[PDB]
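Below, in structure tokens: the form deposited in one PDB entry, a single chain.
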């Protein structure tokens, strides 16, 4: 019966602005921030506030949905220091990225690179668990492996043995990328059966039926949705309650609200890039988004795209 739905971390997509917009019209149980890249220093407080403005609102979006800071990096001492800082600043626990393809800085790997030696996941997660007060959660997000799923149980074991609270599994290897035909929710179930912490299933959940299938196959009562949450802006309610997808006119209203939200540190091109990007996702689902994208793709500045989006009369749609 009960179902948890998490909004995925998405670097360069799901910032605080889009989290604000989406959580207002959804029932997400938790959102994950874009990653804070940890190398070999304690990051200043402003980095956390930039990535997670919700820290100044008791770790919640304006509508009240919890948000959790994610770290990306390798060195245990520095993951620990930065985890402690995230929670000192108010984060509801802390998450560790072990699934994103990521550039190594000097000797400091991160993300999917850690899947090549599961011990790196154990050491990083353990140092975070030890640094974060015991009542607050420490989560880890993984893929099934690097170039195969052969180490998928070692990866899962590393997270549990580190004392992590919960595990998100993206049901593909790194080398399988985002290829739909390679999703393996069964592998997620096999991991769940071995563990004693909640497993949150992730990958290729787009609608009510796909979530039902995912839960049935994996045995997980918790899922995480990333790209689908942009394609269908009310996807949490689609998945939880089998409600219809957000009508297009309400999608346009959402885009209009986005054009009126200010972005901290914006040089001037934020809305141009981000409205085009969101439309590039929406065209997978909404015919109308393909047409609107053709109209706005030629605009090269935020005021022009703001005027264009705002000009649309949603009562005429």
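Only the largest set of C-alpha atoms that superpose within 1.5 Å between the two forms is called the rigid core. Positions refer to the first chain, counted from 1.
When the C-alpha B-factors of 31-39 and 267-275 are averaged, 267-275 comes out higher. If you average the C-alpha B-factors over 163-171 and over 141-149, the higher value belongs to 141-149.
Ranking 251, 66, 282, 69 by Cα temperature factor from the entry places 251 first. Annotation for residue 103: CA B-factor lies in the highest third of the chain's modelled residues. For residue 308, the recorded CA temperature factor ranks within the highest third of the chain's modelled residues. In this PDB entry, the Cα temperature factor of residue 7 sits in the bottom third of its chain's modelled residues, the lowest group. In this PDB entry, the Cα temperature factor of residue 115 sits in the top third of its chain's modelled residues, the highest group. Ranked by C-alpha B-factor against the other modelled residues of its chain, residue 202 falls in the lowest third.
Form deposited in another entry: not shown, discussed below.
Annotation: the position in 256, 264, 63, 280 displaced by at least 2 Å at CA between the shown form and the other one, with the core superposed, corresponds to 264. Inter-residue distance, residue 270 to residue 110 (Cα): increased by at least 3 Å in the other entry versus the depicted form. Relative to this conformation, a decrease of 3 Å or more in the Cα-Cα distance between residue 264 and residue 254 is found in the other entry.
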